[PDB]
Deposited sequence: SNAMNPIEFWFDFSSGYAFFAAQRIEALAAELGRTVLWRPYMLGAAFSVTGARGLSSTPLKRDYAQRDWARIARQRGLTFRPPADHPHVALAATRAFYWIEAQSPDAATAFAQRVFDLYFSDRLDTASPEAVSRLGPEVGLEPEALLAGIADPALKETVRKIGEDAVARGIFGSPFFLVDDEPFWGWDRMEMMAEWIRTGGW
């Protein structure tokens, strides 16, 4: 009832490294994490990001491989998360971890309903049902409200963390957020 909110886009390289450390960190700090996927210029700036991600991975001993036409528009994966989530928030976190993990080993088109639905029976969900659910109008309206509520609450970018109403934007802000939680704020 006082979770660390974890707002991210599945196509976010920085969210990938955050996704990954967030669970253990919140455990160390004795908090829960609420995972919240939501939808989101220069060549040289994109060239830098790539260098930075590779540089982060290399240091953490992580394998990191975005697909050739990164970033995917992860609409099917984002709809799938909230579909699962309505049934079981824990299954949804699990599903989210498997998206990041497959996406960033070059193994999942997160825009494809069909490809995303192959992740289901893995959270004990039939592809058919997941497929039906994300093709359901009420869920499509639900996911849209999630992101609009995000805008309305000042949430932008990925990863974005919200703890006790204090916002922290960025992967490199996780230790500051932790220091905020431990001290109670400054």
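Residues of the deposited sequence lacking C-alpha coordinates, numbered from 1, fall in the stretches 1-3, 44-56.
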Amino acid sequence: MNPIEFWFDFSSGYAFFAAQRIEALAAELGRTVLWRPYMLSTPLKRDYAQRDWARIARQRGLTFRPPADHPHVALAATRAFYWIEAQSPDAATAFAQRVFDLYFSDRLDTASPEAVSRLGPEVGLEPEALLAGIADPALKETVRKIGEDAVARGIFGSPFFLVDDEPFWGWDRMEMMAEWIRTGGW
From here on, numbers count along this sequence of modelled residues.
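In this entry, the higher average B-factor at the C-alpha atoms falls on 167-175, of the pair 167-175 and 12-20. As recorded in the PDB entry, 109-117 is the stretch of 109-117 and 77-85 with the greater mean C-alpha temperature factor. Across the residues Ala54, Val143, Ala129, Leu34, the deposited record lists the maximum Cα B factor for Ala129. Remark: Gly124 belongs to the highest third of its chain, ranked by C-alpha B-factor as recorded. In the deposited entry, the Cα temperature factor of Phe156 places it in the middle third of its chain's modelled residues.
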